[PDB]
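Laboratory data are not the source of any read-out in this text; all were calculated from the coordinates shown. Reconstructed Cβ throughout: ideal geometry from the backbone, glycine too, with neighbour counts over all protein chains shown.
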Amino acid sequence: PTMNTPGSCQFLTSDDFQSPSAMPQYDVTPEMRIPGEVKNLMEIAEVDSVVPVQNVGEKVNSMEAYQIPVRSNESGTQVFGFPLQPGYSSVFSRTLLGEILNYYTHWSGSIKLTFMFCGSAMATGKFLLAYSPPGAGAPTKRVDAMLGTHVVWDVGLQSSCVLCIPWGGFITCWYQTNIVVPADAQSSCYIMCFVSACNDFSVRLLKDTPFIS
Amino acid sequence: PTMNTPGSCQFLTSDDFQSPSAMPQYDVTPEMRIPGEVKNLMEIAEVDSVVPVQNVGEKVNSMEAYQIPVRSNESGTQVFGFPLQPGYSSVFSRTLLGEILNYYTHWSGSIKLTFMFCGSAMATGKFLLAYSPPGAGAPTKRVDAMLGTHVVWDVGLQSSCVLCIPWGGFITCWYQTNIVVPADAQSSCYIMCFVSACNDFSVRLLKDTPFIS
Amino acid sequence: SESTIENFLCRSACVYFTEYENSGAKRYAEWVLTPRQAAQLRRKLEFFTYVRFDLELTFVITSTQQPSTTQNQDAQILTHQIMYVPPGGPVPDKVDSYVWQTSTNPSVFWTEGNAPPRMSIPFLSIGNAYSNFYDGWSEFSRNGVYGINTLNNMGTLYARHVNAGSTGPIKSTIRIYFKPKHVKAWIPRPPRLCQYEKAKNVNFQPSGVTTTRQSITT
Amino acid sequence: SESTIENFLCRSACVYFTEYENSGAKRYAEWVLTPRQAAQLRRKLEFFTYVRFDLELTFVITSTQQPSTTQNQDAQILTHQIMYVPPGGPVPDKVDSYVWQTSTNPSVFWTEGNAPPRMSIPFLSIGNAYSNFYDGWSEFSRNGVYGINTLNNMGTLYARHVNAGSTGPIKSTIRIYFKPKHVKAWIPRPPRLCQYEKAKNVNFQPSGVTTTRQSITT
Amino acid sequence: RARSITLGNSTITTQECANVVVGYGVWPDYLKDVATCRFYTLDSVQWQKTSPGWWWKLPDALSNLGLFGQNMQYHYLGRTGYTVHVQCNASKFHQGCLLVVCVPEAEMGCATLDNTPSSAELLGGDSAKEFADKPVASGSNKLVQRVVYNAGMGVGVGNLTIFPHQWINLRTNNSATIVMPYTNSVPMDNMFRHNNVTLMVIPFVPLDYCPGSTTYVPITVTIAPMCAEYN
């Protein structure tokens, strides 16, 4: 004697049942080892990808969207700045970390940034990399950016700087000193910026991507 | 309490369930031993079967389709040749190995050929049996056939030659020397060719035969 | 591993098509069980001389309404009866005959809108194997048909509408599925080269050995 | 713990829409199995170069009556047949063809008003993995389409009404659900930036890298 | 300091710290002709202030070159690893960056959505095919979409670092060495019919120099097939 409870005879799309195999007693072709087997999406979001920081105007439709211009002549002047929201912000929109995030609703983990100065070896200078925490707005002057979390980056010695960000905030770069070059060396250089997930990184509630049409 | 999942109440043709016996408690008549019990189809495809190599014109509607004519007068001249595709090729079409293959889609294994010279005992000569691998086309001259895989078959000593083919390719036979016969012996002889599966032979994905109408 | 005789001879194959009407000239179906009608299965079975197997008969009964000019038609659920006749069993001469009540013929009742009815049959041959190819005369003293041994008889199948559903006419169809189970074979023989002519015997028209080509060296 | 490729690629996604009528110009459905039609699933699968998986096909067949001027219509329960064609299998040229009876194509019969029919398919590729992106010509000697390897073929699906229900016209629809099971992936690759154009290939129209803003410091 | 590496008869000069990046943690191995294991040094391509990019198909790149060309000719199917070396010799007063990346199964889009491209336009033999800045016209031509910010495959060029890559910054680095395992669904495949990997070199940060310097930087590419076997 059996009784059929409610929920019987329904096609609940998201359920895991045993399914009657159509073609049984059919061989499967043994699987060979293929180099590079993804098991978790996270392993993809741990790869640095260049960022179109300068997505201004018709730069997006050219290769000059990824490079940040750093001129010799002009102190307190600012290099760049963008809000630190890898999900909704247009800067981290199509980044490898950002695309993966657009498939989920909740996420918690550190973000790692890496700047690579792409200038002549003779070129020397200093930069102020300041990160303002969420509640505070972006700093206006150089002093205000110094009085928070900052990293004074000297291009002459180190050519690549790494910033690990906890817990959105802001990232601002300032010219501590103008670029100094001996004669026969160009003074107009560029900076590139890579983004990557760091330490713990979790993603919950799978949703559809908003980039389909 | 039970719940009926999707896939219930369907007649999936290819399924293996217990079936209510119509006439139960009925005796079955014990089975006697009958000589020769097939357990696997492969045991059938391991039997040599003659091949209608010369399926030219109205030969198919006569017994002269199986014999290959080898004349005395005419060197570089060629005896026969056919592409080595036991499935789709018209030569291996109704062969015992071929018919069994027409019931399956995938198959991997060696093919064994065997030529039996059916000529007078006095008759002597030599033949060049050359097998060109898949990528290469059939050879044109005798030299080109010699420079590949070949077997120089001497009818005077050995009367039957066996060729085991791996992994379609081509099979070509050439007259290394004309047939030499003492007086009172005919110089027009014939050759027969048997085909058989060899070593490992597997067949997957059962399908319908295309010879039904 | 796949080419065993089991996996080669255990496929559900439709073997019959027919129709019977609730009211009309034809009101019941009848088909002597045979694996010779379906050429696809007949040619597969003619690989071996002696074969022994069990069956799993599964029917598919569908009903369609007919073009009638009667009004106020109210349909009621239809019930179909399928009477399996064992060899030597009484056969219903008509639809409303008394033979449909013999407790020997195991009829299965079915009501439309359920899982299709299925029943199995054991090895019924008095001999020790069904013989595809017989090389003799069935009658002991001869003067009997050639190659027609009665040892392969597997019985007959009858189907009817137990209750007429509505005043309006209804025509139903039934497809019989054949599934040999626990198959055994003996004495392999060559595949039939020529196309089948009559399901009754092995008579055939002479055919060429294979497809022809241009030249022997091609 | 949630971002595994299993939980990311094991969602039931509708992939087809079509309709077939008991009587009319279109009387059967046909759709070559492909995961390229649905962009939502295509873009998720184009994350990896080589992917291998099993399927769980689940259909949803609904019937609606049509605007006809025939009277005295009495409907009978409808039965639908769904014939899965393995690669290289015969394909029914018409609705009442003989191919609907081949014991190879595993057709599933279904009667309206039950739990929707579902069947599974194993890995059928001769190669060792389905390849999303092929960088060559299918034909060995070339003179063949670019990036069209036949190793990914997964067969065709056919559906029809076994029995016409009533004299009056009936039109049915069928939604095919795709559920990859036991998924494996290899060689991760970047997400498709530009929108899809043709399901046949990777042709696209050039697109900007991202959405623009006012100034770099903003 | 400098060092010499010898394979067969050819020899290459590289630094002491070469910073090799293995493909996917796997070194090329036989499936379980040694005379084909040499440094097939291709041509040099002048990198200029406006050069968009270049791309090579490794199987095709070595189709005409000696033993490898003769082997892949008669032989049917086979497999092959690779060790691509990209050497870019430039002064100290030059500046610029390159993205050296080996993309497996790089299917390329066609300018006309309706049809696929032609073989000659897709494969550059014994030379390097190059990208373009502006979009390719969509007419009735079987041309390849050579836009550099899409790379041709159709994806944003920025995130092309998922593939085994390496960056050459003329400020610190000078060369890149990428080992590539045999990646294919099939155990062995016809080298002529299908190309498994595409080598792409893209100048993100443009070359720049003061007047009175060399007008170009000669990139140099060297291929060395590792563990090649045929059937």
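Charge tally for C:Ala13 (other residues, Cβ to Cβ under 11 Å; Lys, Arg +1; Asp, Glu -1): +4. Grouping the Cα pair distances of the stretch E:2-229 into 10 Å bins from zero gives a pair-distance distribution of 7, 31, 36, 20, 4, 0 percent in increasing distance order. Among B:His150, C:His182, the ranking by other beta carbons within 10 Å of each residue's beta carbon, starting with the fewest, stands as C:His182, B:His150.
Return the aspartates and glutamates within reach of D:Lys198: Cα separation strictly under 20 angstrom, same-chain partners fewer than 8 residues apart disregarded; answer none if there are no such residues. Partners within reach: D:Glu30, D:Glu46, D:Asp135, E:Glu105, E:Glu107, E:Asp114.
Once amide H atoms are built 1.01 Å from N in the peptide plane, which residues 5 or more positions from E:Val144, or in another chain, come under 5 Å H to H? Amide H neighbours of E:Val144: E:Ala111. Rg ratio for chain A: its Cα radius of gyration over 2.2 N^0.38 Å, N being its residue count, equals 1.45.
Considering every alpha-carbon pair of the stretch C:1-113, the percent of pairs per 5 Å bin, from zero through the bin containing the longest distance, is 2, 7, 15, 18, 16, 14, 11, 8, 4, 2, 1, 1, 0. What the Kirkwood sum gives for chain D is a hydrodynamic radius of 20.2 Å, with every pair of different alpha carbons counted.
Beyond a 18 Å Cα-Cα separation, which of these cross-linked pairs lie in this structure: B:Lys207/C:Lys200; C:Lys26/D:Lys94; C:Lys44/C:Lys181; D:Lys184/E:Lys57? Violating the 18 Å Cα-Cα cut-off are B:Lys207/C:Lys200; C:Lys26/D:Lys94; D:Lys184/E:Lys57. Taking amide hydrogens as placed 1.01 Å from N in the peptide plane, the amide H of D:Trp31 sits under 5 Å from those of D:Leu157, each at least 5 positions away in sequence or on another chain.
Note that the stretch A:39-49 has calculated 3J(HN,Hα) couplings of 10, 9, 4, 3, 4, 7, 6, 9, 9, 5, 10 Hz, one per residue in order, obtained from phi through the Karplus relation 6.51 cos²θ - 1.76 cosθ + 1.60 (θ = phi - 60°); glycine and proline are x. When only alpha carbons of the protein assembly as shown are considered, Rg and Dmax amount to 37.3, 124 Å. Net charge in the neighbourhood of A:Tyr175 (other residues with Cβ under 12 Å of its Cβ; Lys, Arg +1, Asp, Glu -1) is +2. Between the C-alpha center of the stretch A:192-213 and that of the stretch C:76-113 there is a gap of 67 Å. Listed by chain and number, the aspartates and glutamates placed with their C-alpha closer than 17 angstrom to that of A:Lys141 are A:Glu74; residues fewer than eight positions away on the same chain are left out. Taking other residues whose beta carbon is less than 12 angstrom from the beta carbon of D:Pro180, and scoring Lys, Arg as +1 and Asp, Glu as -1, yields +3. Neighbouring Cβ atoms from other chains, within 10 Å of the Cβ of residues in C:105-112, number 2 on average. The mean number of partner chain beta-carbon atoms within 10 angstrom of a residue's beta-carbon across peptide E:93-103 is 4. Give the distance, in whole Å, between the Cα centre of the stretch E:31-105 and the Cα centre of the stretch E:198-231. Centre-to-centre distance over Cα atoms comes out at 9 Å.
Determine, for C:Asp54, A:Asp15, E:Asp60, the number of other Cβ atoms within 10 Å of each Cβ, and report the residues in order from fewest to most.
Numbers: C:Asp54 17, A:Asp15 10, E:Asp60 20.
Taking fewest neighbouring Cβ atoms as first place, the list is A:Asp15, C:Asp54, E:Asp60.
Would you mind pulling out the separation of the Cα centroids of the stretch B:83-148 and the stretch B:23-69, in Å? Distance between centres, Cα-based: 21 Å.
For chain C, what is the relative contact order in percent, using Cα pairs closer than 8 Å and at least 6 residues apart in sequence? Write down the numbers at each step before the final one.
Working: 397 pairs, mean separation 87.2, N = 218.
Across chain C, relative contact order equals 40 percent.
The helix-based estimate of mean residue ellipticity at 222 nm for chain E, built from -39,500 (n - 2.57) per DSSP H run of four or more residues and divided by its residue count, is -1500 deg cm²/dmol to the nearest 500. Counting only residues at least eight positions apart within a chain, or on another chain, the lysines with an alpha carbon under 21 Å from that of E:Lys134 are A:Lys59, E:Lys49, E:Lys142.
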